[PDB]
Structures are given as structure tokens and as C-alpha cells.
Amino acid sequence: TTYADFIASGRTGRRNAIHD
Amino acid sequence: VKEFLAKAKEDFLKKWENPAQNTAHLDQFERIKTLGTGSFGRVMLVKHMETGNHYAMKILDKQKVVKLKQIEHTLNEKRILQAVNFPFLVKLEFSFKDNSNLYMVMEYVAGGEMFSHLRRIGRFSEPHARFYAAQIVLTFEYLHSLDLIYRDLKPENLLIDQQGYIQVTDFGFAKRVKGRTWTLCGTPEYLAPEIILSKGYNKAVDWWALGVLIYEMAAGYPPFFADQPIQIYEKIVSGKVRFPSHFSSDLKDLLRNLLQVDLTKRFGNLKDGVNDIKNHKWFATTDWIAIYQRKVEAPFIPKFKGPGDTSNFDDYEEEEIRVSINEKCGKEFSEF
Ligand SMILES: C[C@H]1CNCCN1S(=O)(=O)c1cccc2cnccc12
């Protein structure tokens with residue numbers, strides 16, 4: 001399931017913003 | 001509304017021209033706990049020893065701001081934050097600077113981040129999600145009217161209050177711009193195609209991010225996600241989106257309009273502006289006025305056990321506050 005995929009992903013935590 | 005706003009711009013303009021300065025000292029606050037961490041400064045729960053009140057102090061290391069080239073963006077944030085006033089934006093209480101850092105003291109919002117709740121809970125119901133979306137709609141309408149672009153909408157930047165309402169924080173990328181802008185900034189998952197495509201943009205990026213928010217709230221995960229940003233950017237420009245099988249028909253189409261790659265077909269950037277959003281079928285029940293007044297029934301109330309309670313926030317390692325004997329970036333930050 002997409003959900004399952006998201007959970008095993010590397011970006012489930014607090015996402016930082018891109019500067020340079 | 002057009003009426004309300006007109007008056008609102010008048011107040012914002014007054015503050016824009018004469019921004020307040022050094023309205024406090026570090027020594028008037030008692031450092032208590034870190035509520036969040038930044039790329040060049042953190043956020044601490046602090047207590048004003050004279051009033052006994054608690055606030056959230058944002059500390060930014062002047063040198064790190066310079067190394068990261070965020071001077072103007074840091075100047076924007078403070079200038080803008082001290083001039084704005086809306087029910088769903090955090091209040092900047094004080095601000096001051098010293099030899100080493102810049103400080104922004106804001107009202108402490110006890111409920112925690114929308115992110116932690118969303119993550120823990122999984123997904124929000126459309127009704128729960130719409131309650132939140134509606135407040136973001138009113139905030140953007142207010143924000144854009146003042147010629148501002150927010151630029152960093154994500155669950156991590158929305159705080160829940162005692163009353164279960166939203167508080168938008170982090171105006172680090174907020175800019176008052178008449179016309180287009182070109183900085184590549186924001187969070188990958190919420191980056192609009194124009195931004196990643198380096199073509200120059202306006203407010204419509206704020207309406208794309210909203211689509212990404214509503215979707216993340218109702219589904220439990222972002223419409224485009226990968227493990228490395230490039231893969232994410234790939235999905236975003238692709239102009240292809242799949243919807244969870246539980247999204248309502250009205251939701252699937254509200255989203256198809258907000259996540260419109262072609263910003264000349266994108267809701268919020270059309271002839272009718274924000275009304276195309278406020279008047280969409282998905283928002284039919286929404287009583288906008290009632291929401292702006294905070295008289296609606298909040299579906300969720302985070303509960304905090306007394307003042308200064310920080311249980312809805314994560315634990316961070318406490319790096320100590322150091323301040324140089326020497327002034328650090330005096331000229332760069334003179335207007336702060
Ligand atoms: C984690 C950082 C960065 N992400 C948005 C939330 N913040 S924060 O939660 O500290 C945070 C930032 C600004 C004001 C706040 C007021 N009260 C509580 C927390 C506040």
C-alpha cells in the first residue's frame with residue numbers, strides 16, 4: 001500500500017527546508 | 001472581507017514603515033526547554049520573570065545566518081512578523097539582538113505541531129482536514145492581500161492551540177513582493193513546478209502547497225514522495241497525481257484544481273482568485289465567518305496539563321546559549 005511504502009521511507013520525519 | 005482587508009492593509013503598512021526594535025533583553029527571560037531546532041538557531045520555552053508569562057523564543061546565530069546567506073530572508077521575517085495581525089498567525093511579542101544572536105519572542109502555543117499529531121494519528125478525516133484547510137485559506141487570503149508570499153506551508157509549521165485552532169509559524173521565507181520572485185526555497189515535498197523549474201513565481205506557489213497540505217492531511221502521506229529530493233522533483237513536474245480510494249469526489253476535484261501544474265488554470269491564481277476556492281463544493285458546509293471568529297467546533301483539542309507544560313513537543317538536546325564579548329555582524333543586521 002502507498003501508506004506502507006511511505007512508512008518504510010526515509011522522509012517520515014520532520015522535513016527541513018532547502019536553502020542553498 | 002474586501003472591507004476588513006482594506007483596513008488591515010492600513011495597519012500593516014503603518015508597521016511596515018516603522019518596525020519596532022530591541023523591545024527586550026535576554027536577561028528578562030528564564031530559559032526553560034527547547035521546543036524545536038533550526039538550521040541556524042533553535043526555539044526555547046522561556047519565562048518572562050517580570051510578568052510570569054511563558055513565550056517561545058527563537059534564537060538565530062548571526063554568523064550561521066551569514067554563512068548560509070539568509071540575511072535578507074531573516075530581515076524579511078522580523079519585519080513582516082512584527083507588522084502582521086491575524087487570528088491564525090503567531091504573535092511576535094518581543095525582539096532584540098546581542099553580540100552573538102538575534103531573538104524573536106513569540107506567544108507560546110501549547111498544543112504542539114500538526115505534524116506530530118498527523119503522524120501519530122495516521123490521517124485526518126475530510127471534515128477534520130477541511131476545518132484546518134479553511135483556516136489556511138483565510139490566512140493566505142489575508143497574507144496575499146498584503147502582497148506577501150508565505151512559501152513554507154507544511155504540517156511542521158502549523159501549531160495547534162488550546163482551542164484546537166491553527167497557528168502558522170516560521171516566516172523565514174516570507175516576502176512582500178509585488179510581481180515575480182526567483183529564490184529556490186521551501187520544502188521539496190511542497191515545491192511547486194515553477195519553483196523547481198526556475199521560472200519565477202508569485203502567490204500561486206502558496207495555492208499549490210495548500211493542495212499538498214490538504215492531501216497530506218486526508219491521506220496521511222504526501223502526493224509526491226521519494227527518498228531523495230531529485231526523485232521528488234521528478235514526480236512534481238510530471239503532472240501526474242494518484243488519489244487514495246477514500247478521497248471524496250469533491251476532494252479529488254478540489255485537489256485537481258489546486259495541484260494544477262499550469263498556473264494559468266490553477267485555483268487561487270484565476271480570475272476569481274480565492275473565491276474559486278472558498279466557493280468550491282468541498283467547502284459548502286464551511287461557515288467562513290464562524291471560522292474566522294473561532295466559533296466553530298474544533299474536532300480535536302490537544303490537552304496540556306497547565307502553563308509551561310511541554311508534553312506535546314519532542315525532547316531536544318540542550319545546547320547552551322553562548323554570547324561573544326565582541327559584536328558579530330553589526331552592519332549586516334543593523335535594521336534588526
Ligand atoms: C520546531 C520549530 C520549527 N518548526 C515549527 C515549530 N517550531 S516550534 O514548535 O519550536 C515554535 C516556533 C515558533 C513559535 C512557537 C510557539 N510555541 C510553541 C512552539 C513554537
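Numbering of ligands and ligand atoms starts at 1, following listing order. Letters go in sequence order (proteins before strands), and every chain restarts at 1. Just the heavy atoms: all of them, side chains too, but no hydrogens, waters or symmetry mates, feed the values below.
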Please name the residue in the list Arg294(B), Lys91(B), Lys303(B) that meets the salt bridge (charged side-chain N to carboxylate O under 4.0 Å, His left out) test with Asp161(B).
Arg294(B)

Take every heavy atom of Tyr55(B), measure it against each atom of ligand 1, and state whether any distance is under 4.0 Å.
no

Ring centroid separation for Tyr108(B) and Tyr55(B), is it under 6.0 angstrom?
no

Check if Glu107(B) has a non-hydrogen atom at a distance under 4.0 Å from any atom of ligand 1.
yes

Against heavy atoms of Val109(B), which atoms of ligand 1 measure under 4.0 Å?
16 (C), 17 (N), 18 (C)

Closest to atom 15 (C) of ligand 1 (heavy atoms only, candidates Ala56(B), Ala110(B), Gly111(B)) is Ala56(B)

Do NZ/NE/NH1/NH2 and the carboxylate oxygens of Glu72(B) and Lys175(B) come within less than 4.0 Å?
no

So, 4.0 Å and heavy atoms of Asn157(B): is ligand 1 close enough to count as a contact?
yes

How does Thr169(B) reach ligand 1, by side chain, by backbone, by both or by neither, if only non-hydrogen atoms under 4.0 Å count?
side chain

Tell me whether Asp61(B) is salt-bridged to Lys328(B), with the criterion being a basic N under 4.0 Å from an acidic carboxylate O.
no

Atoms in ligand 1 flagged as close to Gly36(B), the criterion being non-hydrogen separation under 4.0 Å:
1 (C), 10 (O)

Within 4.0 Å of some non-hydrogen atom of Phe313(B), the atoms of ligand 1 are 9 (O), 18 (C), 19 (C)

Within the structure, does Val43(B) bring an N/O atom to less than 3.5 angstrom of an N/O atom in ligand 1?
no

Look at atom 18 (C) of ligand 1 and say whether a protein heavy atom is found at less than 4.0 angstrom from it.
yes

Does the distance from a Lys or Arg side-chain N to an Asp or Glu carboxylate O, for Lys62(B) and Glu332(B), drop under 4.0 Å?
no

Contacting atoms of ligand 1, where contact means under 4.0 angstrom from a heavy atom of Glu113(B):
1 (C)

Please determine whether any non-hydrogen atom of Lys58(B) lies less than 4.0 Å from an atom of ligand 1.
no

State whether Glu3(B) and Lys9(B) are salt-bridged, where the test is any N-O pair (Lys NZ or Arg NE/NH1/NH2 against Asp/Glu carboxylate O) under 4.0 Å.
no

Would you say the side chain of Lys47(B) lies within less than 4.5 Å of the side chain of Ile32(B), judging by non-hydrogen atoms?
yes

Nearest protein heavy-atom contact for atom 20 (C) of ligand 1: which residue, which atom, what distance?
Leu159(B) CD1, 3.5 Å

Which is it for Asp170(B) and ligand 1 at heavy atoms under 4.0 Å: side chain, backbone, both or neither?
neither

Just checking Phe300(B) against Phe131(B), ring centres under 6.0 Å apart?
no

Identify whether the distance between the nearest side-chain nitrogen and carboxylate oxygen of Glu113(B) and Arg14(A) falls below 4.0 Å.
yes

Answer yes when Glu141(B) and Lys278(B) have at least one side-chain N-carboxylate O distance shorter than 4.0 Å, and no when they do not.
yes

Please report whether atom 10 (O) of ligand 1 has a protein non-hydrogen atom at a separation of less than 4.0 Å.
yes

Under 4.0 Å to a heavy atom of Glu156(B) - the qualifying atoms of ligand 1, by number:
4 (N), 5 (C), 6 (C)

